[PDB]
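1. give me a 3D structure for the following:
(11 chains)
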Amino acid sequence: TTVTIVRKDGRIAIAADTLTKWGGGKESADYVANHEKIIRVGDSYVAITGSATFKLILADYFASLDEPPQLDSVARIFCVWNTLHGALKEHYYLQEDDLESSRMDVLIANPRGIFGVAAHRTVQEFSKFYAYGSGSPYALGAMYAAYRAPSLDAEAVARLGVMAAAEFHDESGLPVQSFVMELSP
Amino acid sequence: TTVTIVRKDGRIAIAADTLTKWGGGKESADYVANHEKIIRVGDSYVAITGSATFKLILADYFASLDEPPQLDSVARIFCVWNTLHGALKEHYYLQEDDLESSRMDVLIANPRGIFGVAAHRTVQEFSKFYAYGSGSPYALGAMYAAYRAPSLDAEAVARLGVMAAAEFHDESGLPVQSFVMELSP
Amino acid sequence: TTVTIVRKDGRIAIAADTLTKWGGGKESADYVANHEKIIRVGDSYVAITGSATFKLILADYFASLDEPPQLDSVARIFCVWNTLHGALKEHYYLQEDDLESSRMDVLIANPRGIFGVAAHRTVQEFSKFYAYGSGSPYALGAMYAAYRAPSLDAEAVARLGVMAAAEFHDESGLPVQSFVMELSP
Amino acid sequence: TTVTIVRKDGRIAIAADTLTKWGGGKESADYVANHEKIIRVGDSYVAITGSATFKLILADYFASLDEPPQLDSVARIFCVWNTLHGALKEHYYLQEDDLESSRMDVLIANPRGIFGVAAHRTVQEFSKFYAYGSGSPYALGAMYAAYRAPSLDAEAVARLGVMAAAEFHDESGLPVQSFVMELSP
Amino acid sequence: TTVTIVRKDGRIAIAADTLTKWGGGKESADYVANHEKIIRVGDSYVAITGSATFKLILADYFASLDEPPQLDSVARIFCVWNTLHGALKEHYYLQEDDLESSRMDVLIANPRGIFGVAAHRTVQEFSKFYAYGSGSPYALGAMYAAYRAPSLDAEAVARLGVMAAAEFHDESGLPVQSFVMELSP
Amino acid sequence: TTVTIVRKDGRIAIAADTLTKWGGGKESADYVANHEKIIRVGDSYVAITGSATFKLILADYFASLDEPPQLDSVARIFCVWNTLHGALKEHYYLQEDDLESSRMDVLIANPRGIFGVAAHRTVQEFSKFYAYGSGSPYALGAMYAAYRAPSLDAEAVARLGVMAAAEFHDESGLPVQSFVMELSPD
Amino acid sequence: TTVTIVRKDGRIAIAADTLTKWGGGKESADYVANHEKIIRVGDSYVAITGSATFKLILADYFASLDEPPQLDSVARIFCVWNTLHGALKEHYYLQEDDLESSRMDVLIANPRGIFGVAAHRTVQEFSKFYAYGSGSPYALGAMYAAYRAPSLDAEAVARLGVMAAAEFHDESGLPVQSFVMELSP
Amino acid sequence: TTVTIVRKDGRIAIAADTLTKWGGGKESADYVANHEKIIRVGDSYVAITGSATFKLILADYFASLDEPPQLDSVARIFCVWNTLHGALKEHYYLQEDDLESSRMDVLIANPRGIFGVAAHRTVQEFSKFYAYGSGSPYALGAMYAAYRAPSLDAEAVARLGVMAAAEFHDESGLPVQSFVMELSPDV
Amino acid sequence: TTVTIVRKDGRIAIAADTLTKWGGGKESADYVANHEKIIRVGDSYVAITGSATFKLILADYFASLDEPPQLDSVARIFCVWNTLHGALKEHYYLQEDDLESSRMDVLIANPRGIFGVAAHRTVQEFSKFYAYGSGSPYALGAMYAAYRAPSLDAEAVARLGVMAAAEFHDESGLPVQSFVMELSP
Amino acid sequence: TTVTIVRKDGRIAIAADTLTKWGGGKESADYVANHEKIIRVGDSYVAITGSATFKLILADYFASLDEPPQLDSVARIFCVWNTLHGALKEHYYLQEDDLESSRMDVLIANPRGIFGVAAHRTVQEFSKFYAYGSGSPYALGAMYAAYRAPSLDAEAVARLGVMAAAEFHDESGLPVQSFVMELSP
Amino acid sequence: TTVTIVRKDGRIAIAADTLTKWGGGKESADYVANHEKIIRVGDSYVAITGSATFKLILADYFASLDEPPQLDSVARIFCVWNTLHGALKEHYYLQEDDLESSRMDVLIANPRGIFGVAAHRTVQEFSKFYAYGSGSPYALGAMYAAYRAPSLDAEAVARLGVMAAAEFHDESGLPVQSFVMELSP
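-> Numbers count the residues shown, from 1 in each chain, chains lettered A, B, ... in the order given. This is the structure:
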C-alpha cells in the first residue's frame, strides 16, 4: 500500500494505490470491484493502510456512531482514534511496544488541514505532504522532487507519489485513486 | 481444497473440488458420501475452504438464524461474517496478525454478484473470477487462460479452475461440484 | 488402536482391536477384563480411539442425558459432538489448530448408515468402509483389497482390517471385537 | 514405588513396597513409621503410587465424604475418580496430554474384583494381575513367571512382584506389605 | 529526542529538539506542524520524551482534570505521576523491572523549581541542569561545558544542550524549541 | 512413494508407484517421462524411496563400478550399502540417531531372494512380502489381505499393495510399475 | 520468477518472465538491461530461477568448460548438475534436507527434448509441459487449460504460462521472453 | 528388544526375542528371514540390542579381524569393545554423557562365563543372570522369580525372561531364540 | 547510505551522500575528512554502501591487484566481484541466503555504461537510473519524478536522488558528492 | 540450613544451625540477634528450613489462630499444613511438580512423637531421627553413626547432626540451638 | 557411589560401596562379579567414582605404562592425572567450566599418605579423612561423628562412612569393600 496526502496553493489532495495482496498474490483493481482504499467520513477523506479489512471496519464503525466525527484538529483526531482503538479490540477482534498498536496507518484530508494517524495513535498535522504504507519512502522522494513544480497542483503531486511506489514496490499497484478539495478559510 | 467463482456474460458460477484430507490421507467422494464443500444459504451458494468441519458449523449456524442473512453486498457480508466469527469462538471452539483469523476462506455466489471473504474478514466483490484454497493459484492460472474462450460459459471456466488444481495439487481431487445461475436485473 | 467400519450388501459392521497401551507397555484382553473399545449408545455402536478413558467418559456422559441421542445423520451427530466437546472440557478435564481438538476419533454404526467423527468434529458419512486410530492405514489397505471379494461380508471385511493393523502395528492387538447389523432401508 | 494386585483361587491380594524417596534420598520403613502405601477406603484397599503425599490426600478426602464410595465396578470407580480429580485441584493444590493427569496410578482391591486407575483416569478391571509405579515392569515380569505355580497363592504372587522390583530398582524397597481377602460369590 | 532544563541566575529554562522518528525515517518540524515536544500544564512547562503520542495523551489527560495539578514539589509530582500511570494503563492503552515503566522521561520547569520524572516515576529536583531522551549524554556534556559562561543565560545553555545532541545523534534534529521564566521568591 | 516386494510360489515380484512430489505439487507419469522408481542393477531390481534424485545417484554409482554388485545375500548387500553410504556423502552431497542415515529405503528383488535396506542400513531378507515409503502401511494391509489368495501371483499381490497406497495416500499415485521373475533353484 | 517449457506438435518452447526482486523492490526489464533469465548453453536453452546471480554464475561456469555440455538425457544432465553443484560451493560461494540444495530450479530446452533440474538435482524429462519458480502453480494451471487448444502452439502455451503468473504473483513481471526450436528426429 | 543371559547348574544359556521395529511398525520373524539377534563369535554368542544394523556391523567387523577375539574376561572384552568403538565411528558411521555411547548393549555367553557390555563400554561379569534391551526390567523380574525353580535349567530361565518382555512390551516379540552350553571346568 | 547512478542524454553520473553512522551517532563531512563514499577503480567510479570500512578495503584490494579491472560489462564485473569476495573473506575478515553475502551494495559508473553489484554478486547493467543503500527507496522515488525533466541533466538527477534520501532518512546526510562523464561511442 | 530431630530412650530432641544466607553472604548469630530457626507452637517446637522469612510467617500465622493447632498425628499435621499453604499464597505472597510446593521443609517435635513435613506436604512420623535443609545428608550421616552410642542422648545426637553440616556445608553455621522433652505416656 | 579414605593412628584405610547403577536400575554385588570400585596401582589403592567404565579404563591405562606411577605427592599425582586426561580423550572416548573435566573423582591411599583427585584434576592431600561420589555428604557426616571414637580404627571409620550413604542414598549399596595399611616412616 501507498497513501499520499498534499497541501499546496490553497488545495488539499489525497491519493491511494489500488492493489491488495494476499501473501505474494496480487489482487488488482482489475479483479476486485471494491478496490478503493480511501473512504469518506463526513467531509474528511480517510486513506487506510494495513489489512484490507480495515476500510470495512472503519466504514462500519464510523457509520455506527451517532454523528460522523470531527477530524479537523490534532486533539480531536487523537480523541476519536483512542476511542476507535477500544472498539477494534472489543468489537472487531484486533490483536514489545510503548503503546498498543491499532495496526493501521491512516492519512486524513479535509478542508481544515492534512493529517496522519500512525498505528500507535501518533496524530500529526502536515504542512506540505506525507505518505504511509510500505510504499511511503518512494512517494516521499517523488513528492519532494515535484512538490515545487509550478505545473503540478496538489492532486498531481499526490498521484505522482503513488505512481513512484507503484513503479518500484511489490505491494503497490495502478490505478491510482485520488481526491482533491479546496482549503477552508 | 480449491474453490473457484466466475462471472461472465450474464452468468454466475461457483465450483469446488470434493477431496477431504486427514493428514496425508485422502478422503475422496468415492469414500465420503457428504463430500460437498458448497452449501446453500438462502439464495446464495457458499464455497468453503479450511477444515471440513466448517461447512457443518456454517450450515448449523446459518440454519439457526431467524431469517437467512443478506450476502449480496460487501458491507452486508462483512457484518454477517464479523458476527459469525464471534459465534465461531464462543459456540464452535475456534482457536501475530493484525486481526483474529476465522480460519476459512469462502466464495459467495448469488444473482446479485460474486463475492469472497478471506480468513481475516477481508470482504471483496469480484468482477471476473477468483479462487481460494491451497489449489487457487492453479485455478487462477487456468481461468486466466480460459476466461475469454468463446466456447466456455461461466460454469465451464469455474469447473476448469478446480480441474487444474486437482491435476497438480495434493489437497484437491475430482469430481468437481459446480452451480450456475443468471445474473439478476 | 484400530477401529473399522464397513457397509456391504445391506449389512453394516464395525470392529476394533482389544489392546490398550501404557507407554510401551501392553495391556491386552488377556489381562484386562474391560478391553472393549466399542460401546452402545441408543441403537448405535460407537468405536472409540484415543485414550482408553474416553470409552468410560462417553458411556458416563451419554447415560447422564435425558435420553440417548440420534446418531443417524451428519447434521445430528455434529450437534451431539459439538455439545459433547463442551462437556469434555467442563466435566471431564479434557485439554495450534483451526478448531479445538476432542482428542478422539470415532466411528459410528447404526442401521441408518456408517459414520465417523474426527478429533476436530469433522463428521462424515462413509459409502463403503473407513477406519480410525494409529492402525487405520493398515486397515484401509486391507479393506480396499478385500471389500469386493464375494466370500467376505461386511463383518468379515471390518474384522480383516483390524487383523492387518494388529499384524504390523504396535498399538493394535488381537482379539478383534466386531458387531454386525442390518441396513435400515 | 511398586504396587501389585492379584486374583487367584478364590483369593484377591494387594501389595506395596514401603520405601519413600526424597530426591536420591531413601526413607525406609526403618526410619518412617507411616510407611504404608496402601490405605483402606470402605471395604476396599487402595494401593497408591506417585508423591508420598497422595496417601494422605486420599485418606483425608475420602474421610470427608458422607460415606465411603462404592469401588466395585469400572463405571463406579470412574465416577469417583473423576469427582476426586476436581477436589485435588480445588482443595489439595494439584498442578501435552489428552486429559489432565491426576498424577497417580492406583490399584484397588475388594471382594468384588481387582482394578486399577491410571493417572489419566483409565479405570480397568484385571483378570489375573497387574502392577503400577516405577517398579511395575519388574513386578509384571515376576508375576507372569509365578502366577501359574500351584504352590504360590494370590498373596505370594503379589508379594513376589514387589520383591522383584526392590531387587532391581532404586525407587522400591523392602519390607513388602500385603493384604488378602476372599472373592465374593 | 533530547530535552534539557536549566536553572541559572534567578532564571529557569526548558528546551527540546523538534525531530520525530518513524523507524529510520525522519519527520522534521519542516513537514510536521505539531512538532513541539513541550506542552503547558498550568504554569509548568513539561518536556516529554518517548513515543510522540505521549504529548497528546498528557495534554488530553491533564485537560480532563478538575484543576491543573500542582507540579512544584517532589512529593506532589510523584503523587500526580503515580495517578497518571493508572490512567495510561486504564484509558490510553499503555503496555523485567523493579516497577512498571511509564515509557517516558520528562522534565518539568515552573517558577518554583526545575524537576524531572524518569520512566519508573523517579522524581528528582535538579539544582543546575539536566537532560532526558536519547540525546541527553550529549546535552549534559555541552551544558556542563557552558553552564558557567557569564554571557550565556539559562535559555542559551538549555538550547545549546539540544543543539549538541542534534549535531551528533540521529534521533534529535533542529530547530530547538525553548522557554524561559523567572524564579519565584 | 510406495514400494512393494513379494515372494510367492517360486515367483518374485517388485512394484512401485509413479508419482513424484514437489511440496504439495504432484508430478504424475502423465507429465514426467522418467517416472520409474525401480532401476535395474545387474539381474537385481532395486525400488527406491526418498528423494527422486536417488535413482539418478544410484544408477550413476553402480554404473561407475568395475562390475554390478552382488545383491543376493544380507551380508553382501550390507557391504555394498556401507560403501555406497560413503559415496553418497563424498560424491553426491548427502547431508539423534544411532547411525547415520542414508536417507533412502530400498527393496531389492532378484532370482536369489527378496531384500530390503532401510535408511540406517538395516538389511533384511523377507520371506513373504514387505513395503517401504510413506505409503507402506496401506501396502502392508492390502498385501496381508491378499497374499494367500490363490488367484493372485507374486506380481498381482505386489501391485495391489501399491494400488492401496495410491488410493489413500497423497504421496503415491497410479500407474503402478512392476517386474516379476523366477526363483532360482537354491 | 516463472519459467515454463512446452513440447507440442514437433516443437519445443521455453519461456521466462524478466522481473528481478530486491526484497519487495521491483527491478523490471525497463530499468535492467540484462533482464533475461534464459541462457544459451551449447545448443540448449536454460531458464533459471532463484537468485538473479545464478544466471551469471552458470554463464561463467559453462563458458569456462572445454566443450559445451550435452544436456540431452536425464543421466547426462544429472552428471553435469552434480559436478556443477561442486563448483557452486567451491568457486561461487554457495551456502534439514535429504541432499544439499543447489538453490535454483532450471528448465532445459534442446532439440532432443524438454527437461528440468530441481534444486536437489532431481533431473526429469517432461512429456507435455512444466514450470518452475514461485510463479509455476499459475503457469501450470494456465498451460493445463490451454495446452490442447489448436490455436496455441508450443510457444503460445509457454508464454501464456508466464503471463498468468505475472498477472497474479509479485515475483513475476512482463515482458515475457521465449524461444522455440524444432524437435529432432 | 530383549536379550537374556543365565548361568545355572554348570550350564550357560543366552536368549533373545526376534522382533524388529520400524517406528511403531512391527517386523516379526514371520516376515523377516534374518530375525536372529544373536551371533557366534568364536565360541562366544553375542546378543545385541539397539538398531538391527548392529548385528550386521558386528559380524562384518569380527569376520574382518585376523583372528576371532577372546571374549572370556572383563579386561579382554573391554579392550575389544574399546577398539570396536573406534571402528564403529571410523568405518560404520556411528554418531551430554561421561563417555561416548556405542549405542548398543550386549550380552556375551561363552564356556568361561557370562558377561555384558553396556553402551558406554561398561563391561560386567554376571554371577546368575542379566538382561538388556527395552524389555530388561520385565525379563529381570521374571528371571528373579524363576531362577531358583528346580524344574528350570538355565535355558528355560533365559527364555522365560524373553517371554515376559514379549508379553508386556511393544518392542519385544515371539518367537524366542536361545543357545545353551556347558560351563567350562576351569571356572 | 544512499548511492545513485544516472544515464541520460549521452552523459553518465554517479552520486553519494557523505554521512557515516556509528550506531545512532552521526559522523558528518563537517567532522570527517575522508567522508567520500565514491572511489576510482580504473576509469570507473564505484559508490559503496554498507560498512564505512569497505571503501578502505577495496582501495587496498584493488591497489594491490595487477592491472586495474575492466568494469565495463556484466560478465567482467561479475568475474571481478566473485574474486573480490574470496579476498574479503581471506584477507579482510568478512563475516538463510542462497549465496554468501559480500555485505555491500555498489554502483559502477564508466563511459561504457552504468552498472550495479548487490551484496550477493548480482551484477546488473542499468538502462535509466538506480540507487542502493538504505536511502534508495527515497532516491528512486525522487529520480522517477525528475528523470524526464529537460532542465535536469544526469548529474542533477543523480544528486536530487541523494537529496531526497537525506531529507527523510537518518543514515544519509548532505553534502552530496557527485561525478559526471560522457557516454563513449 | 540444617534441622534435626531425634527420639531415643523416652526423650525427644530437635535442633538447628543459626546461619542465614544473603546470596554467598554469611549472616551469623554473632551479627543477627533473631537467629533462631526453631519456634514454639503450642507445646510443639517447629524447626524451619528454606527462606529465613518463613519462621516469621509461621509465627505470625499460628498466633492468629483461635487456639494452637494439634501437631501430634500425621492426619492432623497434614490438615494443618494443607490449610497453611492456602494462607501462604493468599496472605504471605508465596509463589513442574506433582503438587504445589510450600517451599519449606519442617520438623516437628512434641511429647507425642517426632514428625516432618516436606515442601510438598509429605507428612511423616519418624521412628529414630531425621534431618532437613541443605545440610541434611551430612546430619543423617553423623546421626546414623552416633545413634546407638549410650554416651549420647537424644539432644547430643540432634546437636551432632547440625554440627556435622556446619563442618562441611556452606549454608550451615554454629552455634546449634536445641530443645529436649519427655516422650509422653 | 561412595568412596572413603581415612588416616588415623598410623594406619591408612580406604573404602567403597559395591552397587552399580544403570539408570534407576540396581546391579548389586549379588548380581555382578566385578563389583569392586577400588583397584591396585603399584602399592596405591585407587577408589573410583563416575561411570562404572572408569575402573576398566584406569586399570587398562595403568597396566599399559612401563612402570606403575608414583602417587604419593600432590605434584606427582597431578602430573599423572594431567597426562591421564589426555589419554582419556585420545584412546577412551571421554567427553562450561574453568578446566575440562575428567568426569571422575578418586581417592588414593598408600603408605606415604591419603589423597584425592577431583574431576577437574584438583589434587589434594587429606589430613584426617574425606569422601567422594554422590554419597560423600552422608559419609563425611558419619566420619566426622566417628573419627575420634577410641574403639574405631581407620578402617572401621572408613567403612562406617560408606554404610551411612548406603543407608540413605539410592546410588550406594552394601557390601562395603575396604583395605587398610600402616603409615610408612
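2. quick check, residue A:182 in contact with residue A:111.
-> Yes - using CB atoms under 8 Å as the test, residue A:182 is close enough to residue A:111 to be in contact (6.5 Å). C-beta: built from backbone N, CA, C; applies to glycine.
3. give me the common contacts of those two.
-> Here residue A:182 and residue A:111 have residue A:12 as joint contacts, going by CB atoms under 8 Å, 6 or more residues apart in numbering or on different chains.
4. so the two - more neighbours on which side?
-> residue A:111 (13 against 9; other CB atoms under 10 Å in any protein chain shown).
5. so what's that one up against?
-> Applying CB under 8 Å, 6+ apart, we find residue A:111 in contact with A:12, A:43, A:72, A:181-184.
6. ok so residue A:61 is a helix residue?
-> Yes - the assignment for residue A:61 by DSSP: H, G, I helix; E, B strand; the rest coil puts it in a helix.
7. which residues touch it?
-> Per CB under 8 Å, 6+ apart, neighbours of residue A:61: A:84, A:87, A:91-92.
8. which residues does whatever residue of chain A ends up closest to chain C contact?
-> Relative to chain C, the nearest point of chain A is residue A:93 (16.0 Å; CB to the nearest CB). For residue A:93, the contacting residues are B:82, B:85-86, B:99-100, B:121, by CB under 8 Å, 6+ apart.
9. and these, which are buried?
-> B:82, B:85, B:99-100, B:121 (16 or more other CB atoms under 10 Å in any protein chain shown).
10. let me know the closest of the residues you listed to chain J.
-> When the buried ones among the contacts of residue A:93 are compared for distance to chain J (CB to the nearest CB), residue B:100 comes out closest, at 31.6 Å.
11. pull the contacting residues for residue A:128.
-> Applying CB under 8 Å, 6+ apart to residue A:128 gives the contacts A:6-8, A:147, E:30-31.
12. could you redo the last one with a cut-off of 10 Å?
-> A:5-8, A:114, A:143-144, A:147-148, A:154, A:157, E:30-33 (CB atoms under 10 Å, 6 or more residues apart in numbering or on different chains).
13. and what of residue A:166?
-> A:2, A:17-19, A:135, A:138-139, A:172-176, G:26.
14. secondary structure element for it?
-> Using DSSP states H and E, residue A:166 maps to helix A:154-168.
15. list the buried residues for that helix?
-> So helix A:154-168, judged by 16+ other CB under 10 Å, has buried residues A:154-168.
16. ok, those residues vs residue K:63, which is closest?
-> Comparing those against residue K:63 with CB to CB picks out residue A:168 as the nearest, at 76.9 Å.
17. quick one: contacts for that closest one?
-> A:135, A:137-138, A:141-142, G:22, G:24-28, G:31, I:131, I:136-137, I:140-141, I:144.
18. helices - which of these land there?
-> A:137-138, A:141-142, I:136-137, I:140-141, I:144 (DSSP state H).
19. now for these: which two are most distant?
-> Of all the pairs that those form, the one spanning the most space (CB to CB) is A:142 and I:136, at 13.3 Å.
20. what residues are shared contacts of these two?
-> Overlap of the contact sets of residue A:142 and residue I:136 (by CB under 10 Å, 6+ apart) consists of A:168, I:143, I:164.
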